[PDB]
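Chains as they are written, first to last, in the authors' numbering: chain B, 5 to 22; chain A, 9 to 350.
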């Protein structure tokens, strides 16, 4: 699922700026 | 019009007040030993934010402490000076208020209102996703906040749930102006957070305030879906997805929400809502916002859909726990010339 793909991205935590 | 001419008059008054404070910023309105430190609320590359108690009054505040040497090392002088200048000059219901600022031999200090409900980010990950009415309530606040900021020629450039605090009444407070810029025309800096970057930033074009309306589209999508529209293991793969004009929507998104998002997540600048001849009114008048009473939101008279749990003043349960480190103040003045205007 898209949600599972989001979990697999590893980017579910707080995101820093570039 | 009637309502129309009210908005024009309001924003003209707002610009006059902003410009006066912009041109003569406040400085040096407290000192460190006026406060007791309570708990670290967050930490960053060149500082941290602490919950503090004003000794005289007992009032609590969030104090941002920036290490001057680290700010210089990280090439953040102008961004730091600019953030404080903006914060002391703006005035809007959904923007965090600066209460005091000062500096010492080692650090810069910005003492802001404490927003005890924590970041939207935590509530969203905890709950999973927000229903459309809930997402719409927050979105309306951002639309109004961008109308205000853009009327001052400020581009925000760092919208994301991580930067939206929830106050005691359930309303949003925007807190972090470290990438905001006063820009009448275009600007060129590559900055922001990968998932929220507009394509024209990724493609190294000159860009304008339309990037904030793209980011609103990303925010609304993430709030209503529980995950952002463009994600991947590495930012470079995220950028490839963003500049494709491809998006997929969860099957539970309403037709009105999808239509709004198609027009905010519009790679074509000439077509993106917020950047057309009718400006922000294309967004305010969109079918998804038909039930939104814009004035009632502004006046904070709408019942919020979610009220955070608050066990009193100084309750920090909605922030993470961090290792507490000393606040050392050097005997030697560091970087004095660089921070004269703070």
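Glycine is no exception: its CB is placed at the ideal position from the N, C-alpha and C atoms.
Could you please give me the residues that DSSP links to residue i through a beta bridge?
| i | result |
| --- | --- |
| residue 181/A | 173/A |
| residue 57/A | 50/A and 72/A |
| residue 62/A | 43/A |
| residue 190/A | 162/A |
Just verifying my parser: in three-state terms, what is the DSSP assignment at residue i?
| i | result |
| --- | --- |
| residue 109/A | strand |
| residue 138/A | coil |
| residue 294/A | coil |
| residue 41/A | helix |
| residue 9/B | helix |
| residue 25/A | helix |
| residue 115/A | strand |
| residue 127/A | strand |
| residue 162/A | strand |
| residue 133/A | helix |
| residue 103/A | strand |
| residue 19/B | coil |
| residue 121/A | strand |
| residue 82/A | coil |
| residue 167/A | coil |
| residue 351/A | Residue coverage of chain A in this structure runs from 9 to 350, which leaves residue 351/A outside it and unanswerable. |
| residue 77/A | helix |
| residue 342/A | coil |
| residue 67/A | coil |
| residue 318/A | coil |
Counting only the same chain and skipping the five closest in sequence on each side, list residues whose C-beta sits under 8 Å from that of residue i.
| i | result |
| --- | --- |
| residue 339/A | 113 |
| residue 73/A | 55, 56, 57, 58, 115, 116, 117 and 335 |
| residue 8/B | none |
| residue 195/A | 163, 189, 214, 215 and 216 |
| residue 43/A | 60, 61, 62, 63, 69, 71 and 119 |
Tell me which residues share the same chain as residue i and place their Cβ nearer than 7 Å to its Cβ, disregarding the 5 neighbours each side in the sequence.
| i | result |
| --- | --- |
| residue 47/A | 58, 59 and 324 |
| residue 136/A | 234 |
| residue 349/A | 89 |
Can you name, in chain order, every residue of its own chain whose Cβ lies under 6 Å from the Cβ of residue i, other than the five neighbours on each side?
| i | result |
| --- | --- |
| residue 313/A | 142 and 145 |
| residue 202/A | 243 and 246 |
| residue 315/A | 178 |
| residue 355/A | Outside the modelled stretch of chain A, which goes from 9 to 350, sits residue 355/A, for which no answer is possible. |
| residue 119/A | 69, 71, 107 and 108 |
Which chain B residues are close to residue i, counting only those with a beta carbon under 8 Å from its beta carbon?
| i | result |
| --- | --- |
| residue 129/A | 18 |
| residue 91/A | None at all; the shortest Cβ gap to chain B is about 13 Å. |
| residue 170/A | 18 and 19 |
| residue 187/A | 21 |
Name the chain B residues whose beta carbon is nearer than 9 Å to that of residue i?
| i | result |
| --- | --- |
| residue 201/A | 19, 20, 21 and 22 |
| residue 234/A | 7 and 10 |
| residue 166/A | 21 |
What in chain B is Cβ-close to residue i, meaning under 7 Å?
| i | result |
| --- | --- |
| residue 198/A | 22 |
| residue 223/A | In chain order: nothing, as chain B lies at least about 12 Å away. |
| residue 240/A | 13 |
| residue 112/A | Within chain B, no residue comes near residue 112/A; the closest Cβ sits about 27 Å away, beyond 7 Å. |
Report task. Any chance you could list the alpha helix (DSSP H) runs of at least 4 consecutive residues sitting entirely within the segment 196–284 of chain A, in chain order? Result -> If we require 4 residues or more, the alpha helix (DSSP H) runs fully inside the segment 196–284 of chain A come out as 207–210, 218–233, 243–251 and 263–272.
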